[PDB]
Amino acid sequence: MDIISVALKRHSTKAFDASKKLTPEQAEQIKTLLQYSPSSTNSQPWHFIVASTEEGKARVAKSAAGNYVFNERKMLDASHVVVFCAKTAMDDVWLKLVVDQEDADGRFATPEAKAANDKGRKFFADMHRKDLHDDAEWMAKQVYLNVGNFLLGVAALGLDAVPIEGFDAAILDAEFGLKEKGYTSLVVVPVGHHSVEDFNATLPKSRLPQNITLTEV
Amino acid sequence: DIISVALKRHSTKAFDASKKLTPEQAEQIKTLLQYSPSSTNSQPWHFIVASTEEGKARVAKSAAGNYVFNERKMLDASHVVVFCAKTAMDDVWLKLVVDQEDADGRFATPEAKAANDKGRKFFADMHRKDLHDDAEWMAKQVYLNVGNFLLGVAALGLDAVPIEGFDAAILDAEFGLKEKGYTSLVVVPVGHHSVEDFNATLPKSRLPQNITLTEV
Ligand SMILES: Cc1cc2nc3c(=O)[nH]c(=O)nc-3n(C[C@H](O)[C@H](O)[C@H](O)COP(=O)(O)O)c2cc1C
Ligand SMILES: Cc1cc2nc3c(=O)[nH]c(=O)nc-3n(C[C@H](O)[C@H](O)[C@H](O)COP(=O)(O)O)c2cc1C
Ligand SMILES: NC(=O)c1cc(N2CC2)c([N+](=O)[O-])cc1[N+](=O)[O-]
Ligand SMILES: NC(=O)c1cc(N2CC2)c([N+](=O)[O-])cc1[N+](=O)[O-]
């Protein structure tokens, strides 16, 4: 069925059925979804942690403490749990890595075309790095775009999920040693299948009317 | 299959100005923008959809400086959507959201409505008072909407291209969204690519998972 039907019917799951795992093929597909999301200048300023074992999810679940105990069950009961992370700083060695990958994938007919791409990426990278001083926020924006792509995609695969901002990033970061690796956790997304306990599965979806949020010209 | 569309979609560099969206597709595009999820269902956004040649030209003005090469995408495309984020989360917006959820029957009792409003106010207060990042927090929700939109339109058989290469100050002044309490973030022309689009035949490139993904 069309994505409009998927968009109108998907929902944030409030409780997962821990016995319903992703199929082996589905496990590979969600990884493909994560990698192929678009990003400004194809910068891909991200890293993903995909927890599928009881041990792995327990380590992620440490972040659902304090005022976030509300999300612990979700992190432990879902089949797979994805931690979306953003680079803490945009370094030149990474920018080079991106251009070389496009080059190796055959996107530049001449060594001038490749040089033109590195320059174009350098323009935006420096605009945020040197002038605006918001490269951390710029990269986080790309990660959130990835989350959006990911949420609709998994729903399209007939999978349930829930985006989570309610977790302790410092706790999660320390658990997986992300700071020293050059990353920071932003959004946690448990994916699997909802249980009968998921009260949100049967409730009507609510959104502000278009006359308030949309202008046609 | 959604994996097929994720692997086949691409950023179109040039649109065929002859291919316009059908009235059904034009409606579906707005449905996608409206139904995207957001933290606490805060929906801190505004969208400007330009379908007329005059409307599109107004948007295209934000690319007259160092972004001249982006004007053609904005004019040749059937529909052009500029994603805007609120500049500040106000109690008036917070009430509109919870009252709308109430109208839509998401609350069984007035206590749940009160609890939902309190839970959202909690997250909203934290960002403006403590973290001092409410503007970026709302902007991130808008980017999440963009991610959802790009996949959605690709699945509809439509071509699109997210554009960051535009002057937000110019675009803001054009549509007066400044006084309205919004800021332009992303421009997304939607339509059908022309035979001229070089990116259409180009292989997609992404870093391998051994670099970006850790399994535990
Ligand atoms: C960035 C982000 C963070 C979220 N964090 C949480 C969370 O911590 N807990 C939760 O139960 N839902 C969370 N949600 C889900 C939203 O509340 C939900 O998307 C919204 O109410 C609309 O409902 P729907 O997703 O079912 O359409 C989050 C959503 C987004 C976009
Ligand atoms: C936030 C954002 C801004 C972008 N801005 C531009 C732009 O100004 N010009 C352009 O040609 N492409 C732009 N793109 C498209 C990206 O360069 C493109 O998604 C990326 O190189 C990956 O290629 P793909 O979209 O074909 O998968 C933008 C993409 C994103 C996510
Ligand atoms: N990687 C790109 O697609 C790209 C290339 C250029 N250069 C070729 C024209 C520019 N830009 O210069 O603004 C901007 C982007 N961008 O996505 O932000
Ligand atoms: N009570 C809820 O079900 C709830 C709680 C949270 N926060 C506390 C974790 C968020 N949210 O943050 O978006 C959203 C919802 N929601 O209504 O979908």
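1. Some points on the overall build of chain B
Working step 1: Regarding its fold elements, chain B presents ten helices and five strands.
Working step 2: With respect to the principal axes defined by its C-alpha atoms, chain B has extents near 60 × 50 × 35 Å.
Working step 3: The proportion of buried residues among the 216 residues of chain B is 56%.
Working step 4: Sequence-distant contacts, at least 24 apart, represent 78% of the contacts inside chain B between residues at least 6 apart.

2. As for the interface of chain A and chain B
Working step 1: Contact residues are listed per partner, giving 73 residues for chain A and 74 residues for chain B.
Working step 2: Interface of chain A and chain B: buried area, both sides summed, is about 6800 Å²; carbon and sulfur atoms make up 62% of it.
Working step 3: Where chain A touches chain B, the interface holds two salt bridges.
Working step 4: Applying the counting rule to chain A against chain B returns 39 residue pairs in polar contact.
Working step 5: If you tally residues by element for the side of chain A that touches chain B, the top one is helix 7 (residues 135-156) of chain A, at 14 residues.
Working step 6: Residue classes in the side of chain A that touches chain B are distributed as 37 nonpolar, 24 polar and twelve charged.
Working step 7: Alignment of strand 5 (residues 214-216) of chain A against strand 1 (residues 45-50) of chain B, held across three bridges, turns out to be parallel. In the strand pairing of strand 1 of chain B, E216 of chain A is matched with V49 of chain B.

3. Considerations on the pattern of salt bridges
All names here are of chain A.
Working step 1: One pass over the full model with this rule turns up 30 salt bridges over all chains.
Working step 2: Here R59 ties to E175 by a salt bridge, and the two come within 2.8 Å at their closest N and O atoms. In this pair, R59 sits in helix 3 (residues 54-61) while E175 sits in helix 8 (residues 169-175), placing the two residues 116 residues apart along the sequence.
Working step 3: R59 gets classed as partly exposed once you look at its relative accessible area, which sits at 30%.
Working step 4: A single salt-bridge network, built from bridges that share partners, covers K96, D100, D103 and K114.

4. A closer look at empty space enclosed by the protein
Working step 1: For the coordinates displayed, the defined rule picks out one cavity of 30 Å³ or more.
Working step 2: Here the largest cavity is characterised by a volume of approximately 40 Å³.
Working step 3: Surrounding the largest cavity, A7 and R10 of chain A together with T31, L32, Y35, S36, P37 and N148 of chain B form its lining.
Working step 4: A per-element tally of the lining of the largest cavity places helix 2 (residues 23-35) of chain B first, with three residues.
Working step 5: Of the residues contributing to the lining of the largest cavity, the split by class is four nonpolar, three polar and one charged.

Criteria and thresholds
- Residues numbered from 1 in each chain as written, not as in the entry; some residues may be left out.
- Chains lettered and ligands numbered in written order.
- Heavy atoms only, no water.
- Helix = DSSP H or I, 4+ residues; strand = E, 2+ residues; numbered from the N terminus.
- Buried < 20%, exposed > 50% of the residue type's maximum accessible area, 1.4 Å probe, protein only.
- Contact = heavy atoms within 4.5 Å.
- Buried area = accessible area lost by both parts, 1.4 Å probe.
- Salt bridge = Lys/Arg side-chain N within 4 Å of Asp/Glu carboxyl O.
- Polar contact = N/O pair within 3.5 Å; in protein donor to acceptor, adjacent residues only side chain to side chain.
- Nonpolar A, V, L, I, M, F, W, Y, C, P; charged D, E, K, R; others polar.
- Pairing = 2+ DSSP bridges.
- 1 Å grid on protein atoms, 1.4 Å probe; cavity = no way out; pocket = protein on both sides within 12 Å on 5 of 7 lines; lining within 4 Å.
- Points joined across faces, edges and corners; volume = space filled by probe spheres on them.

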